[PDB]
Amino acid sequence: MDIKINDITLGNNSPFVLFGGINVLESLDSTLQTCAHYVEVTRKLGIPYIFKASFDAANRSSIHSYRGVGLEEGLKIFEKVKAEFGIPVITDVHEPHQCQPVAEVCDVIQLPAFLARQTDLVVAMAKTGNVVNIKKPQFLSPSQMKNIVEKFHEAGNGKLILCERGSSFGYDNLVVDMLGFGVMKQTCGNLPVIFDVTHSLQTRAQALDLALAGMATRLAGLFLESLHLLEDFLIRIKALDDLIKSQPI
């Protein structure tokens, strides 16, 4: 199943889409400058591009840590991003009440990994009718993903992306099971599967090897965070994706 995001076709047998941008929104001008760069690079490489950021640092590690710009100022920055660039955007939500007004602005809304089993947030996300990105928790198997998709379907929204970020492997370590992408396609009705290579690594030659290996299994998209390093990175990812997508299934 493909999904249309404005102009963009996202699917497991389509050219890969890049989801990319900043950990946490800090200021308008800082964001425009990051986004500008991703757009120029993707535009000449001809890679469809969706801008990502959080407006809220929900898991900030110290009670004195930066909070983010908050919802109100974050949606303003997102509104500026879409008007200046004409691209879709994606952000995460952590509370049912945030869902409707986030979804008014942001093309894709994201269910945070920690919160995948929070049923009221699932329902409030489903209700908006928007494309939803479901971040697979490190503690859930690719087979348990259908249970979450079932909830979204029962609540009447089938426009779902599944997003891989690694699996718990002993203490304090992650491994990405390259067979899990296939399992998710097979049990979840060939919904778009994308690969969050950045969070898979947190526990760069390493990021390139991992991104290539995951994209070799034929995926809808790549999901990251951030002289000319991105561009050279994406040239290599595009070369692989083009080849893979050109072979019959």
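Heads up: residue numbers just count along the shown sequence, starting at 1.
Undergrad: Classify the number of deposited-sequence residues missing from the model between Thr203 and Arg204: none, 1 to 3, 4 to 9, or 10 or more.
TA: The entry has a long gap there, with 10 or more residues left out between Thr203 and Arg204.
Undergrad: Please say, as none, 1 to 3, 4 to 9, or 10 or more, how many residues of the deposited sequence are without coordinates in the interval between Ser226 and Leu227.
TA: The entry leaves 10 or more residues without coordinates here.
Undergrad: Taking only the CA atoms, which stretch has the higher mean B-factor in the record, 138 to 146 or 161 to 169?
TA: Higher of the two, by average CA B-factor, is 138 to 146.
Undergrad: 232 to 240 versus 16 to 24: which one carries the higher mean Cα B factor per the record?
TA: Between 16 to 24 and 232 to 240, it is 16 to 24.
Undergrad: Based on what the PDB entry reports, which of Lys52, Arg218, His64, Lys185 has the top C-alpha B-factor?
TA: Highest C-alpha B-factor among the listed options: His64.
Undergrad: Mind checking which third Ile87 falls in for C-alpha B-factor across the chain?
TA: Highest third of the chain for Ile87's C-alpha B-factor.
Undergrad: Lowest, middle or highest third: which one holds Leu71 when the chain's residues are ordered by CA B-factor from the entry?
TA: For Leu71, whose C-alpha B-factor we compare with every modelled residue in the chain, the answer is the highest third.
Undergrad: Using the B-factors in the PDB entry, rank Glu79's C-alpha atom against the chain and give the third, lowest, middle or highest.
TA: It falls in the top third of the chain.
Undergrad: Relative to the other modelled residues of the same chain, rank the CA B-factor of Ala211 and answer lowest, middle or highest third.
TA: It falls in the bottom third of the chain.
Undergrad: Quick check for you: using the entry's CA B-factors within this chain, is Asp177 in the lowest, middle or highest third?
TA: Bottom third by C-alpha B-factor.
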